[PDB]
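Participant: Could you have a look at this structure, given as structure tokens, before my questions?
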Amino acid sequence: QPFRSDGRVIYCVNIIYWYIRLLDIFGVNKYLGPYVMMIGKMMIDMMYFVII
Amino acid sequence: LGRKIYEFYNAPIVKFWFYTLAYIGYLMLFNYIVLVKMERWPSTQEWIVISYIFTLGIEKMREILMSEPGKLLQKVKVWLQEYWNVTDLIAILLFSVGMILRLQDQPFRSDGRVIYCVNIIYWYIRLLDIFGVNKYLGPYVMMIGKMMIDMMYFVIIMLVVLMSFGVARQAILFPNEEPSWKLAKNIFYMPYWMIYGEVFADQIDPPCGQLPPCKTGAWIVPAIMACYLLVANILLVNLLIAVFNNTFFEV
Amino acid sequence: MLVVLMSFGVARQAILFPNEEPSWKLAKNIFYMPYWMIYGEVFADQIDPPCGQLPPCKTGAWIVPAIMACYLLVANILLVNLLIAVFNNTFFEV
Ligand SMILES: CC(C)CCC[C@@H](C)[C@H]1CC[C@H]2[C@@H]3CC=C4C[C@@H](OC(=O)CCC(=O)O)CC[C@]4(C)[C@H]3CC[C@]12C
Ligand SMILES: CC(C)CCC[C@@H](C)[C@H]1CC[C@H]2[C@@H]3CC=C4C[C@@H](OC(=O)CCC(=O)O)CC[C@]4(C)[C@H]3CC[C@]12C
Ligand SMILES: CC(C)CCC[C@@H](C)[C@H]1CC[C@H]2[C@@H]3CC=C4C[C@@H](OC(=O)CCC(=O)O)CC[C@]4(C)[C@H]3CC[C@]12C
Ligand SMILES: CC(C)CCC[C@@H](C)[C@H]1CC[C@H]2[C@@H]3CC=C4C[C@@H](OC(=O)CCC(=O)O)CC[C@]4(C)[C@H]3CC[C@]12C
Ligand SMILES: CC(C)CCC[C@@H](C)[C@H]1CC[C@H]2[C@@H]3CC=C4C[C@@H](OC(=O)CCC(=O)O)CC[C@]4(C)[C@H]3CC[C@]12C
Ligand SMILES: CC(C)CCC[C@@H](C)[C@H]1CC[C@H]2[C@@H]3CC=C4C[C@@H](OC(=O)CCC(=O)O)CC[C@]4(C)[C@H]3CC[C@]12C
Ligand SMILES: Cc1cc(NC(=O)[C@H](c2ccccc2)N2CCCc3ccccc32)no1
């Protein structure tokens with residue numbers, strides 16, 4: 001301690017990333033892949049929206 | 001006059017409206033018996049509802065027997081090819097199970113009440129099913145179907161994002177909960193009502209250390225809360241705006 | 001919407017509050033609670049209050065969060081978006 005709780009925090013943000021990798025693997029499905037590229041282009045447009 | 005009354009009452013539109021009025025009265029008496037009490041023996045309204053269900057089951061057996069094929073398993077499969085017949089049979093067995101439980105003593109009576117409520121849910125969905133006769137409601141019904149499929153795929157993606165945020169929140173804050181099934185309750189509880197309005201303003205960054213001491217990374221939870229709800233609400237909800245608009249053109 | 005909302009309200013007021021005698025306030029509750037549930041405020045205090053730890057839990061008190069989630073989900077998203085699409089395709093003709 002106190003580095004153990006910091007390691008726990010890093011473990012949680014890595015969970016976040018590995019669920020995003022589970023979102024990445026959904027490009028095999030023909031119904032989820034279009035939604036994934038929606039997430040990408042809508043993320044760019046929301047970056048400009050987030051500025052305004 | 002006898003030919004007049006017999007020619008009137010055998011008309012299919014008269015049959016449709018009489019069945020609709022009887023279904024309306026059925027839904028009324030079902031509402032009455034799920035709000036008002038039940039004892040060791042049922043009331044007259046609940047006996048009428050039981051009679052409704054059992055005669056509907058007898059009529060469904062008449063539908064199965066008097067169909068077009070001649071083999072028993074073939075005509076049963078032909079009748080079960082329709083989805084509404086499948087859910088109707090599931091509800092009939094559910095009501096009979098609930099009535100068997102309710103005719104027994106406590107604590108099975110409250111379980112029968114629970115089954116009665118979820119059967120109410122189903123019979124209101126059947127009232128939604130009957131709205132395919134109207135030229136203005138039928139398009140809305142097929143919207144409900146195709147939008148339900150698209151929301152199933154949306155619910156998969158939303159469930160991934162929401163589950164990740166809930167796991168991160170319940171692992172940063174509350175860092176000392178032993179193995180219990182209530183952890184899943186928390187991670188599915190908090191973000192799901194976070195989407196829909198109420199952000200739980202008291203629960204986000206409560207004052208600590210000024211009060212219990214702050215957990216390590218307690219400031220990370222406002223940041224991942226902001227990031228999660230942001231991309232969740234705006235990205236996926238708008239996404240569903242675009243999805244349901246491009247579904248409506250074809251329909 | 002009235003069909004779906006009425007079914008959820010009847011189910012909620014029949015699972016929870018299982019001991020209310022015949023009174024016209026039952027209709028008040030079943031039209032009260034889901035209608036403001038749609039529009040914002042989800043009544044966070046009233047959903048899964050701690051019981052048995054406090055009055056004992058009614059049977060199936062855990063079913064009300066599930067049917068709450070299912071109801072508002074399909075209610076809010078399915079019908080409200082549906083009205084987005086409906087009002088967009090009305091605006092073209094007008
Ligand atoms: C990835 C998606 C599709 C599902 C995510 C599910 C998780 C939220 C679940 C699945 C595995 C679950 C765990 C499986 C085992 C247990 C032991 C369980 O312990 C007991 O019930 C006490 C008795 C015993 O230890 O056997 C408490 C819940 C817990 C930690 C569960 C917590 C919730 C978890 C992580
Ligand atoms: C692929 C998609 C469409 C699946 C959608 C369904 C799931 C998101 C649902 C169905 C079954 C649900 C589970 C059914 C039962 C429980 C036990 C429940 O345990 C408690 O609440 C603790 C005990 C208690 O306090 O009653 C926690 C939620 C959980 C894991 C539920 C989490 C959400 C689940 C996985
Ligand atoms: C996306 C655009 C349009 C707006 C920008 C939003 C975020 C950049 C803001 C909104 C909420 C903010 C957070 C609100 C509260 C806190 C807690 C604060 O920590 C504390 O007050 C001490 C620890 C604690 O008590 O939790 C650190 C900054 C932080 C994470 C803020 C960081 C910046 C955030 C994430
Ligand atoms: C299906 C749609 C279109 C309407 C749904 C309406 C229901 C919510 C209503 C219609 C029938 C009503 C019931 C009709 C009769 C009564 C008796 C009533 O009792 C009294 O007023 C006391 C005096 C007496 O018993 O006559 C209390 C309300 C109650 C249970 C009503 C509760 C609310 C109900 C179920
Ligand atoms: C087909 C659609 C478009 C019809 C839309 C109208 C209905 C949804 C409204 C119109 C009349 C309303 C009813 C008028 C009066 C009452 C009595 C009211 O009784 C009480 O609140 C108890 C007494 C009290 O505390 O004042 C409960 C709601 C109810 C049944 C209302 C429920 C909602 C109703 C049926
Ligand atoms: C649809 C996708 C995108 C997200 C998944 C949402 C549901 C699957 C979650 C959200 C709210 C959850 C419920 C929140 C609280 C509870 C109460 C819990 O029961 C108790 O805590 C004990 C009884 C009580 O006190 O009510 C059982 C699990 C349950 C129904 C949970 C089951 C899973 C639910 C319905
Ligand atoms: C109990 C109970 C259910 C019920 N009603 C029906 O389940 C249904 C119906 C619903 C609304 C309007 C009209 C009819 N119905 C009755 C006879 C079998 C059948 C076949 C095909 C389509 C509908 C239908 N009445 O009492």
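FYI, nothing fancy with the structure tokens labels: chains A, B, ... in order, residues from 1 per chain, ligands from 1 as they appear.
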Please list as an mmCIF file with C-alpha atoms, in the first residue's frame every residue within 8 Å of segment 59-62 of chain C, counting only C-alpha atoms and excluding residues in the same chain fewer than 2 positions away.
Facilitator:
data_model
loop_
_atom_site.group_PDB
_atom_site.id
_atom_site.type_symbol
_atom_site.label_atom_id
_atom_site.label_comp_id
_atom_site.auth_asym_id
_atom_site.auth_seq_id
_atom_site.Cartn_x
_atom_site.Cartn_y
_atom_site.Cartn_z
ATOM 1 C CA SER B 110 -49.011 -14.459 -4.077
ATOM 2 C CA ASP B 111 -47.050 -16.352 -6.744
ATOM 3 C CA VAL B 114 -47.551 -12.468 -9.835
ATOM 4 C CA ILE C 15 -47.365 -6.395 -7.444
ATOM 5 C CA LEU C 16 -46.435 -3.593 -5.022
ATOM 6 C CA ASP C 48 -36.373 -1.148 -5.377
ATOM 7 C CA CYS C 57 -40.686 -7.598 0.884
ATOM 8 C CA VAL C 64 -40.961 -4.600 -10.579
ATOM 9 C CA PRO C 65 -37.404 -3.364 -11.440
ATOM 10 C CA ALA C 66 -37.321 -5.792 -14.389
#
Participant: How would you write, as a PyMOL selection string, the set of residues in chain A that DSSP gives as alpha helix (DSSP H)?
Facilitator: chain A and resi 3-24+33-51
Participant: Return the neighbours of chain B among the residues of chain C, cut-off 9 Å, counting only C-alpha atoms, as a short mmCIF file (atom, residue, chain, number, x, y, z; two decimals) with C-alpha atoms, in the first residue's frame.
Facilitator:
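New file part_16.cif:
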data_model
loop_
_atom_site.label_atom_id
_atom_site.label_comp_id
_atom_site.auth_asym_id
_atom_site.auth_seq_id
_atom_site.Cartn_x
_atom_site.Cartn_y
_atom_site.Cartn_z
CA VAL C 3 -52.03 0.40 -23.83
CA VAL C 4 -48.36 -0.13 -22.89
CA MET C 6 -51.61 1.13 -18.58
CA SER C 7 -50.36 -2.47 -18.62
CA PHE C 8 -47.16 -1.51 -16.78
CA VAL C 10 -51.55 -2.17 -13.55
CA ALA C 11 -48.71 -4.67 -13.12
CA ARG C 12 -46.78 -2.35 -10.78
CA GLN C 13 -49.77 -1.42 -8.60
CA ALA C 14 -50.81 -5.07 -8.45
CA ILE C 15 -47.37 -6.39 -7.44
CA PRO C 18 -50.88 -5.73 -2.68
CA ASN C 19 -53.39 -4.76 0.01
CA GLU C 20 -55.47 -1.82 -1.26
CA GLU C 21 -59.26 -2.28 -1.03
CA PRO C 22 -61.64 -1.08 -3.85
CA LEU C 26 -55.96 2.74 -7.93
CA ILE C 38 -41.67 8.61 -19.27
CA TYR C 39 -40.97 12.28 -19.20
CA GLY C 40 -37.80 12.58 -17.19
CA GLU C 41 -38.09 11.77 -13.46
CA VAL C 42 -37.82 8.02 -12.87
CA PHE C 43 -38.77 8.17 -9.14
CA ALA C 44 -35.43 6.78 -8.00
CA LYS C 58 -43.82 -8.29 -1.11
CA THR C 59 -43.59 -11.42 -3.23
CA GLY C 60 -42.15 -10.60 -6.62
CA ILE C 63 -39.99 -8.30 -10.71
CA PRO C 65 -37.40 -3.36 -11.44
CA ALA C 69 -36.69 -1.48 -17.15
CA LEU C 72 -39.64 2.40 -19.93
CA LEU C 73 -37.08 1.01 -22.38
CA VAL C 74 -39.56 0.01 -25.07
CA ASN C 76 -39.38 5.80 -24.27
CA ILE C 77 -37.08 4.58 -27.01
CA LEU C 78 -39.39 2.56 -29.30
CA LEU C 79 -42.44 4.93 -29.33
CA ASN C 81 -38.23 7.52 -31.72
CA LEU C 82 -41.15 6.17 -33.67
CA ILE C 84 -39.43 11.18 -34.53
CA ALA C 85 -39.82 9.15 -37.73
CA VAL C 86 -43.57 9.87 -37.91
CA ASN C 88 -40.33 13.71 -40.00
CA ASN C 89 -42.39 11.97 -42.68
#
Participant: Give one line per residue of chain B that approaches chain A to at most 8 Å, naming the two atoms of the closest pair and their distance in Å to one decimal, counting only C-alpha atoms; sort by chain then ascending residue number and deliver it as a tab-separated table.
Facilitator:
residue	atom	partner	partner_atom	distance
B:153	CA	A:32	CA	6.7
B:157	CA	A:23	CA	7.1
B:160	CA	A:19	CA	6.5
B:161	CA	A:19	CA	7.1
B:164	CA	A:16	CA	5.6
B:165	CA	A:16	CA	7.0
B:167	CA	A:12	CA	7.8
B:168	CA	A:12	CA	5.2
B:171	CA	A:12	CA	6.9
B:172	CA	A:9	CA	6.6
B:216	CA	A:5	CA	6.1
B:217	CA	A:9	CA	6.4
B:235	CA	A:42	CA	6.6
B:236	CA	A:39	CA	7.8
B:239	CA	A:38	CA	7.2
Participant: Can you tell me which residues sit at most 12 Å away from ligand 3, counting only C-alpha atoms and all ligand atoms, written as a PDB file with N, CA and C atoms, in the first residue's frame?
Facilitator:
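So the final result, stored in result38.pdb, reads:
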ATOM      1  N   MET A  43     -18.615   9.774 -33.703  1.00  0.00           N
ATOM      2  CA  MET A  43     -17.628  10.231 -32.734  1.00  0.00           C
ATOM      3  C   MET A  43     -16.844  11.426 -33.260  1.00  0.00           C
ATOM      4  N   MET A  46     -19.232  14.355 -33.152  1.00  0.00           N
ATOM      5  CA  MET A  46     -19.385  14.792 -31.775  1.00  0.00           C
ATOM      6  C   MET A  46     -18.125  15.421 -31.222  1.00  0.00           C
ATOM      7  N   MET A  47     -16.954  15.133 -31.790  1.00  0.00           N
ATOM      8  CA  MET A  47     -15.769  15.869 -31.358  1.00  0.00           C
ATOM      9  C   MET A  47     -15.904  17.347 -31.707  1.00  0.00           C
ATOM     10  N   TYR A  48     -16.386  17.631 -32.920  1.00  0.00           N
ATOM     11  CA  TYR A  48     -16.615  19.036 -33.281  1.00  0.00           C
ATOM     12  C   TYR A  48     -17.775  19.646 -32.480  1.00  0.00           C
ATOM     13  N   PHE A  49     -18.828  18.853 -32.252  1.00  0.00           N
ATOM     14  CA  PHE A  49     -19.908  19.256 -31.352  1.00  0.00           C
ATOM     15  C   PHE A  49     -19.425  19.518 -29.932  1.00  0.00           C
ATOM     16  N   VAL A  50     -18.515  18.690 -29.424  1.00  0.00           N
ATOM     17  CA  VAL A  50     -17.999  18.853 -28.073  1.00  0.00           C
ATOM     18  C   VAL A  50     -17.187  20.132 -27.969  1.00  0.00           C
ATOM     19  N   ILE A  51     -16.513  20.535 -29.053  1.00  0.00           N
ATOM     20  CA  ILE A  51     -15.844  21.840 -29.070  1.00  0.00           C
ATOM     21  C   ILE A  51     -16.864  22.976 -28.916  1.00  0.00           C
ATOM     22  N   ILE A  52     -17.954  22.932 -29.696  1.00  0.00           N
ATOM     23  CA  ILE A  52     -18.908  24.052 -29.655  1.00  0.00           C
ATOM     24  C   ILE A  52     -19.704  24.059 -28.340  1.00  0.00           C
TER      25      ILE A  52
ATOM     26  N   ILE B 172     -14.373   0.851  -8.576  1.00  0.00           N
ATOM     27  CA  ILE B 172     -13.655   1.963  -7.955  1.00  0.00           C
ATOM     28  C   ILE B 172     -14.293   2.328  -6.620  1.00  0.00           C
ATOM     29  N   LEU B 173     -15.534   2.809  -6.644  1.00  0.00           N
ATOM     30  CA  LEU B 173     -16.290   3.062  -5.421  1.00  0.00           C
ATOM     31  C   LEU B 173     -16.814   1.718  -4.952  1.00  0.00           C
ATOM     32  N   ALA B 201     -27.688  12.800  -8.653  1.00  0.00           N
ATOM     33  CA  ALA B 201     -26.799  13.932  -8.408  1.00  0.00           C
ATOM     34  C   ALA B 201     -26.164  13.873  -7.024  1.00  0.00           C
ATOM     35  N   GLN B 203     -25.295  11.044  -5.529  1.00  0.00           N
ATOM     36  CA  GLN B 203     -24.313   9.969  -5.520  1.00  0.00           C
ATOM     37  C   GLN B 203     -23.047  10.297  -6.301  1.00  0.00           C
ATOM     38  N   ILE B 204     -23.066  11.304  -7.167  1.00  0.00           N
ATOM     39  CA  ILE B 204     -21.873  11.636  -7.937  1.00  0.00           C
ATOM     40  C   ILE B 204     -21.073  12.706  -7.197  1.00  0.00           C
ATOM     41  N   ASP B 205     -19.755  12.460  -7.074  1.00  0.00           N
ATOM     42  CA  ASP B 205     -18.725  13.099  -6.250  1.00  0.00           C
ATOM     43  C   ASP B 205     -19.251  13.585  -4.901  1.00  0.00           C
ATOM     44  N   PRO B 206     -19.633  12.685  -3.989  1.00  0.00           N
ATOM     45  CA  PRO B 206     -19.979  13.130  -2.645  1.00  0.00           C
ATOM     46  C   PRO B 206     -18.740  13.628  -1.927  1.00  0.00           C
ATOM     47  N   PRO B 207     -18.887  14.588  -1.012  1.00  0.00           N
ATOM     48  CA  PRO B 207     -17.711  15.119  -0.309  1.00  0.00           C
ATOM     49  C   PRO B 207     -17.126  14.088   0.646  1.00  0.00           C
ATOM     50  N   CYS B 208     -15.848  13.776   0.441  1.00  0.00           N
ATOM     51  CA  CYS B 208     -15.136  12.806   1.254  1.00  0.00           C
ATOM     52  C   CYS B 208     -13.864  13.439   1.798  1.00  0.00           C
ATOM     53  N   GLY B 209     -13.466  13.000   2.991  1.00  0.00           N
ATOM     54  CA  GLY B 209     -12.247  13.463   3.614  1.00  0.00           C
ATOM     55  C   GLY B 209     -12.343  14.796   4.321  1.00  0.00           C
ATOM     56  N   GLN B 210     -13.468  15.496   4.215  1.00  0.00           N
ATOM     57  CA  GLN B 210     -13.612  16.808   4.827  1.00  0.00           C
ATOM     58  C   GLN B 210     -14.046  16.683   6.283  1.00  0.00           C
ATOM     59  N   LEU B 211     -17.296  12.658   7.621  1.00  0.00           N
ATOM     60  CA  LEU B 211     -17.275  12.053   6.295  1.00  0.00           C
ATOM     61  C   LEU B 211     -16.176  10.997   6.194  1.00  0.00           C
ATOM     62  N   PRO B 212     -16.461   9.895   5.493  1.00  0.00           N
ATOM     63  CA  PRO B 212     -15.447   8.853   5.332  1.00  0.00           C
ATOM     64  C   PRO B 212     -14.336   9.320   4.411  1.00  0.00           C
ATOM     65  N   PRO B 213     -13.140   8.741   4.523  1.00  0.00           N
ATOM     66  CA  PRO B 213     -12.046   9.112   3.619  1.00  0.00           C
ATOM     67  C   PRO B 213     -12.322   8.678   2.187  1.00  0.00           C
ATOM     68  N   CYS B 214     -11.695   9.398   1.260  1.00  0.00           N
ATOM     69  CA  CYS B 214     -11.895   9.141  -0.160  1.00  0.00           C
ATOM     70  C   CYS B 214     -11.243   7.825  -0.559  1.00  0.00           C
ATOM     71  N   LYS B 215     -11.961   7.027  -1.340  1.00  0.00           N
ATOM     72  CA  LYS B 215     -11.346   5.884  -1.996  1.00  0.00           C
ATOM     73  C   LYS B 215     -10.364   6.378  -3.049  1.00  0.00           C
ATOM     74  N   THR B 216      -9.346   5.570  -3.331  1.00  0.00           N
ATOM     75  CA  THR B 216      -8.353   5.957  -4.323  1.00  0.00           C
ATOM     76  C   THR B 216      -8.966   5.941  -5.716  1.00  0.00           C
ATOM     77  N   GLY B 217      -8.748   7.022  -6.456  1.00  0.00           N
ATOM     78  CA  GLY B 217      -9.389   7.187  -7.737  1.00  0.00           C
ATOM     79  C   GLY B 217     -10.850   7.562  -7.672  1.00  0.00           C
ATOM     80  N   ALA B 218     -11.309   8.159  -6.565  1.00  0.00           N
ATOM     81  CA  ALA B 218     -12.701   8.587  -6.468  1.00  0.00           C
ATOM     82  C   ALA B 218     -13.008   9.745  -7.403  1.00  0.00           C
ATOM     83  N   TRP B 219     -11.983  10.485  -7.832  1.00  0.00           N
ATOM     84  CA  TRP B 219     -12.171  11.512  -8.845  1.00  0.00           C
ATOM     85  C   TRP B 219     -12.275  10.936 -10.250  1.00  0.00           C
ATOM     86  N   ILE B 220     -11.857   9.689 -10.458  1.00  0.00           N
ATOM     87  CA  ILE B 220     -11.940   9.101 -11.791  1.00  0.00           C
ATOM     88  C   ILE B 220     -13.394   8.786 -12.143  1.00  0.00           C
ATOM     89  N   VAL B 221     -14.212   8.487 -11.124  1.00  0.00           N
ATOM     90  CA  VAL B 221     -15.630   8.170 -11.365  1.00  0.00           C
ATOM     91  C   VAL B 221     -16.436   9.319 -11.970  1.00  0.00           C
ATOM     92  N   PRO B 222     -16.281  10.600 -11.564  1.00  0.00           N
ATOM     93  CA  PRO B 222     -16.909  11.675 -12.365  1.00  0.00           C
ATOM     94  C   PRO B 222     -16.457  11.744 -13.817  1.00  0.00           C
ATOM     95  N   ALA B 223     -15.178  11.483 -14.094  1.00  0.00           N
ATOM     96  CA  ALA B 223     -14.678  11.557 -15.465  1.00  0.00           C
ATOM     97  C   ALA B 223     -15.254  10.441 -16.330  1.00  0.00           C
ATOM     98  N   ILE B 224     -15.237   9.207 -15.824  1.00  0.00           N
ATOM     99  CA  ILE B 224     -15.772   8.093 -16.596  1.00  0.00           C
ATOM    100  C   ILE B 224     -17.295   8.133 -16.624  1.00  0.00           C
ATOM    101  N   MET B 225     -17.930   8.736 -15.612  1.00  0.00           N
ATOM    102  CA  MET B 225     -19.362   9.021 -15.670  1.00  0.00           C
ATOM    103  C   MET B 225     -19.701   9.977 -16.799  1.00  0.00           C
ATOM    104  N   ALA B 226     -18.936  11.067 -16.913  1.00  0.00           N
ATOM    105  CA  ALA B 226     -19.152  12.040 -17.975  1.00  0.00           C
ATOM    106  C   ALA B 226     -18.936  11.410 -19.343  1.00  0.00           C
ATOM    107  N   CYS B 227     -17.836  10.662 -19.489  1.00  0.00           N
ATOM    108  CA  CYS B 227     -17.509  10.023 -20.761  1.00  0.00           C
ATOM    109  C   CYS B 227     -18.542   8.969 -21.143  1.00  0.00           C
ATOM    110  N   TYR B 228     -18.915   8.107 -20.185  1.00  0.00           N
ATOM    111  CA  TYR B 228     -19.905   7.064 -20.421  1.00  0.00           C
ATOM    112  C   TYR B 228     -21.239   7.645 -20.839  1.00  0.00           C
ATOM    113  N   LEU B 229     -21.843   8.480 -19.984  1.00  0.00           N
ATOM    114  CA  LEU B 229     -23.222   8.948 -20.308  1.00  0.00           C
ATOM    115  C   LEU B 229     -23.163   9.762 -21.607  1.00  0.00           C
ATOM    116  N   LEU B 230     -22.145  10.611 -21.752  1.00  0.00           N
ATOM    117  CA  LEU B 230     -21.986  11.350 -22.999  1.00  0.00           C
ATOM    118  C   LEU B 230     -22.116  10.455 -24.217  1.00  0.00           C
ATOM    119  N   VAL B 231     -21.171   9.519 -24.378  1.00  0.00           N
ATOM    120  CA  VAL B 231     -21.170   8.695 -25.584  1.00  0.00           C
ATOM    121  C   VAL B 231     -22.392   7.782 -25.616  1.00  0.00           C
ATOM    122  N   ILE B 234     -25.811  10.340 -26.126  1.00  0.00           N
ATOM    123  CA  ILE B 234     -25.844  11.081 -27.380  1.00  0.00           C
ATOM    124  C   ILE B 234     -25.535  10.165 -28.562  1.00  0.00           C
TER     125      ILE B 234
END
Participant: Give as a list in words the residues surrounding ligand 5 up to a distance of 10 Å, considering only C-alpha atoms and all ligand atoms.
Facilitator: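 Checking only C-alpha atoms and all ligand atoms against ligand 5 at 10 Å gives residues 1, 2, 3, 6, 23, 24, 25, 26, 27, 28, 29, 30, 31 and 32 of chain C.
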Participant: May I have the selected residues written with C-alpha atoms, as a short mmCIF file (atom, residue, chain, number, x, y, z; two decimals), in the first residue's frame?
Facilitator:
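Below you can see selection13.cif, which holds the result:
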data_model
loop_
_atom_site.label_atom_id
_atom_site.label_comp_id
_atom_site.auth_asym_id
_atom_site.auth_seq_id
_atom_site.Cartn_x
_atom_site.Cartn_y
_atom_site.Cartn_z
CA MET C 1 -48.71 4.36 -25.52
CA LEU C 2 -51.82 4.17 -23.35
CA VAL C 3 -52.03 0.40 -23.83
CA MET C 6 -51.61 1.13 -18.58
CA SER C 23 -61.08 2.64 -4.31
CA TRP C 24 -60.85 4.92 -7.33
CA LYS C 25 -57.30 5.93 -6.30
CA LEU C 26 -55.96 2.74 -7.93
CA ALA C 27 -56.63 4.28 -11.35
CA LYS C 28 -54.94 7.44 -10.05
CA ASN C 29 -51.81 5.43 -9.21
CA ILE C 30 -51.65 3.44 -12.47
CA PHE C 31 -52.05 6.59 -14.56
CA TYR C 32 -49.88 8.64 -12.19
#
Participant: Which residue, B:69, B:166, B:42, B:175, has the smallest gap to ligand 6 when you use only C-alpha atoms and all ligand atoms?
Facilitator: B:166
Participant: Find the nearest atom pair between each residue of chain B and ligand 7 for residues within 10 Å, count only C-alpha atoms and all ligand atoms, give distances in Å to one decimal, sort rows by chain and ascending number, and present the table as JSON lines.
Facilitator:
{"residue": "B:15", "atom": "CA", "partner": "ligand 7", "partner_atom_place_in_ligand_line": "13 (C)", "distance": 8.5}
{"residue": "B:16", "atom": "CA", "partner": "ligand 7", "partner_atom_place_in_ligand_line": "13 (C)", "distance": 6.0}
{"residue": "B:17", "atom": "CA", "partner": "ligand 7", "partner_atom_place_in_ligand_line": "13 (C)", "distance": 7.4}
{"residue": "B:18", "atom": "CA", "partner": "ligand 7", "partner_atom_place_in_ligand_line": "13 (C)", "distance": 7.8}
{"residue": "B:19", "atom": "CA", "partner": "ligand 7", "partner_atom_place_in_ligand_line": "13 (C)", "distance": 4.4}
{"residue": "B:20", "atom": "CA", "partner": "ligand 7", "partner_atom_place_in_ligand_line": "12 (C)", "distance": 3.9}
{"residue": "B:21", "atom": "CA", "partner": "ligand 7", "partner_atom_place_in_ligand_line": "12 (C)", "distance": 7.5}
{"residue": "B:22", "atom": "CA", "partner": "ligand 7", "partner_atom_place_in_ligand_line": "25 (N)", "distance": 6.4}
{"residue": "B:23", "atom": "CA", "partner": "ligand 7", "partner_atom_place_in_ligand_line": "25 (N)", "distance": 4.8}
{"residue": "B:24", "atom": "CA", "partner": "ligand 7", "partner_atom_place_in_ligand_line": "11 (C)", "distance": 7.7}
{"residue": "B:25", "atom": "CA", "partner": "ligand 7", "partner_atom_place_in_ligand_line": "26 (O)", "distance": 8.9}
{"residue": "B:26", "atom": "CA", "partner": "ligand 7", "partner_atom_place_in_ligand_line": "26 (O)", "distance": 6.2}
{"residue": "B:27", "atom": "CA", "partner": "ligand 7", "partner_atom_place_in_ligand_line": "2 (C)", "distance": 8.5}
{"residue": "B:30", "atom": "CA", "partner": "ligand 7", "partner_atom_place_in_ligand_line": "1 (C)", "distance": 9.5}
{"residue": "B:48", "atom": "CA", "partner": "ligand 7", "partner_atom_place_in_ligand_line": "1 (C)", "distance": 9.5}
{"residue": "B:49", "atom": "CA", "partner": "ligand 7", "partner_atom_place_in_ligand_line": "1 (C)", "distance": 6.9}
{"residue": "B:50", "atom": "CA", "partner": "ligand 7", "partner_atom_place_in_ligand_line": "1 (C)", "distance": 7.9}
{"residue": "B:51", "atom": "CA", "partner": "ligand 7", "partner_atom_place_in_ligand_line": "1 (C)", "distance": 7.8}
{"residue": "B:52", "atom": "CA", "partner": "ligand 7", "partner_atom_place_in_ligand_line": "1 (C)", "distance": 4.2}
{"residue": "B:53", "atom": "CA", "partner": "ligand 7", "partner_atom_place_in_ligand_line": "1 (C)", "distance": 4.0}
{"residue": "B:54", "atom": "CA", "partner": "ligand 7", "partner_atom_place_in_ligand_line": "1 (C)", "distance": 7.4}
{"residue": "B:55", "atom": "CA", "partner": "ligand 7", "partner_atom_place_in_ligand_line": "1 (C)", "distance": 7.3}
{"residue": "B:56", "atom": "CA", "partner": "ligand 7", "partner_atom_place_in_ligand_line": "1 (C)", "distance": 5.4}
{"residue": "B:57", "atom": "CA", "partner": "ligand 7", "partner_atom_place_in_ligand_line": "1 (C)", "distance": 8.2}
{"residue": "B:58", "atom": "CA", "partner": "ligand 7", "partner_atom_place_in_ligand_line": "18 (C)", "distance": 9.6}
{"residue": "B:59", "atom": "CA", "partner": "ligand 7", "partner_atom_place_in_ligand_line": "18 (C)", "distance": 6.4}
{"residue": "B:60", "atom": "CA", "partner": "ligand 7", "partner_atom_place_in_ligand_line": "18 (C)", "distance": 6.5}
{"residue": "B:62", "atom": "CA", "partner": "ligand 7", "partner_atom_place_in_ligand_line": "18 (C)", "distance": 9.7}
{"residue": "B:63", "atom": "CA", "partner": "ligand 7", "partner_atom_place_in_ligand_line": "20 (C)", "distance": 8.1}
{"residue": "B:84", "atom": "CA", "partner": "ligand 7", "partner_atom_place_in_ligand_line": "22 (C)", "distance": 8.7}
{"residue": "B:85", "atom": "CA", "partner": "ligand 7", "partner_atom_place_in_ligand_line": "21 (C)", "distance": 8.1}
{"residue": "B:88", "atom": "CA", "partner": "ligand 7", "partner_atom_place_in_ligand_line": "7 (O)", "distance": 7.3}
{"residue": "B:91", "atom": "CA", "partner": "ligand 7", "partner_atom_place_in_ligand_line": "1 (C)", "distance": 9.8}
{"residue": "B:92", "atom": "CA", "partner": "ligand 7", "partner_atom_place_in_ligand_line": "1 (C)", "distance": 8.6}
{"residue": "B:95", "atom": "CA", "partner": "ligand 7", "partner_atom_place_in_ligand_line": "1 (C)", "distance": 9.9}
{"residue": "B:123", "atom": "CA", "partner": "ligand 7", "partner_atom_place_in_ligand_line": "3 (C)", "distance": 7.7}
{"residue": "B:124", "atom": "CA", "partner": "ligand 7", "partner_atom_place_in_ligand_line": "11 (C)", "distance": 9.7}
{"residue": "B:126", "atom": "CA", "partner": "ligand 7", "partner_atom_place_in_ligand_line": "10 (C)", "distance": 6.5}
{"residue": "B:127", "atom": "CA", "partner": "ligand 7", "partner_atom_place_in_ligand_line": "11 (C)", "distance": 5.9}
{"residue": "B:128", "atom": "CA", "partner": "ligand 7", "partner_atom_place_in_ligand_line": "11 (C)", "distance": 8.9}
{"residue": "B:129", "atom": "CA", "partner": "ligand 7", "partner_atom_place_in_ligand_line": "11 (C)", "distance": 8.0}
{"residue": "B:130", "atom": "CA", "partner": "ligand 7", "partner_atom_place_in_ligand_line": "11 (C)", "distance": 5.6}
{"residue": "B:131", "atom": "CA", "partner": "ligand 7", "partner_atom_place_in_ligand_line": "11 (C)", "distance": 8.9}
